[PDB]
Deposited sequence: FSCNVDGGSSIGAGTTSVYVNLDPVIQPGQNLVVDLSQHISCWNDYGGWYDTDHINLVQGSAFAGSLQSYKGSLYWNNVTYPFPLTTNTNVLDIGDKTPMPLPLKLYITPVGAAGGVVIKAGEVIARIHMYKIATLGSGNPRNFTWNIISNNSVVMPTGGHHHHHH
């Protein structure tokens, strides 16, 4: 099982930065959408659905630092969750060699809103396979804003 960010090198586990662009000027009632399907993809390293991988996001995934006062929602694989996650999400099956973009969106409801380079969320992902011990792996996606966001 492997993932990559923006078509980069393969990742087997651990913490990876995911850089996103956010609407740089917003109004008080505006919510920021972070479409992570545009950045993160994962695949089965065998293909043909032999040793299918089961993937979900993990309870405790949250906004970072000052953004914890922000309110959110997280879309994952046809279910929408309150964010921060109080639950593990549903399971997504990964069985092909073809990279699958993660069906994942983050909705943020926030004059400095976000600083360039700031971690806005930490999303924990769990992988376990179908054969043997399952070879369980933990991923953390550190979502980082490329840009500053203001709300004048």
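K.L.:
Checking coverage: what stretches of the deposited chain sequence are missing C-alpha positions?
P.N.:
Missing from the model are residues 111 to 115, 158 to 166.
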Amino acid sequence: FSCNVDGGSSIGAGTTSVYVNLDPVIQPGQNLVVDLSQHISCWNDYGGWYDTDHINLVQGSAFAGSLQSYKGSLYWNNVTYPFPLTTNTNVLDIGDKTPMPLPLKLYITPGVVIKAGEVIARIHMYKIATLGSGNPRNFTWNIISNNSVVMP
From here on, numbers count along this sequence of modelled residues.
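Whichever C-alpha set is largest while still superposing within 1.5 Å between the two forms counts as the rigid core.
K.L.:
Hey, after superposing on the core, which one moves around more in 8 other deposited structures of this protein, 131 to 139 or 20 to 28, CA-wise?
P.N.:
After the core superposition, the stretch with higher RMS deviation in 8 other deposited structures of this protein is 20 to 28.
K.L.:
After superposing on the rigid core, which of 82 to 90 and 29 to 37 has its C-alpha atoms sitting farther from this form in 8 other deposited structures of this protein?
P.N.:
Once the core is superposed, the stretch further away in 8 other deposited structures of this protein is 29 to 37.
K.L.:
Return whichever of 98 to 106 and 50 to 58 has the greater mean Cα B factor according to the PDB record.
P.N.:
In the deposited entry, the stretch with the higher C-alpha B-factor mean is 50 to 58.
K.L.:
Looking at the entry, does 22 to 30 or 88 to 96 show the higher mean C-alpha B-factor?
P.N.:
Per the deposited B-factors, the answer is 22 to 30.
K.L.:
Based on what the PDB entry reports, which of 36, 121, 42, 113 has the top C-alpha B-factor?
P.N.:
Among 36, 121, 42, 113, the highest C-alpha B-factor in the entry belongs to 113.
K.L.:
Going by what the PDB entry lists, where does residue 70 fall on CA B-factor within its chain: lowest, middle or highest third?
P.N.:
Top third by C-alpha B-factor.
K.L.:
Grab the CA temperature factor for residue 12 from the record and place it in the lowest, middle or highest third of its chain.
P.N.:
Residue 12: CA B-factor falls in the highest third of its chain.
K.L.:
Check where residue 138 lands among this chain's C-alpha B-factors and tell me if it's the lowest, middle or highest third.
P.N.:
Lowest third of the chain for residue 138's C-alpha B-factor.
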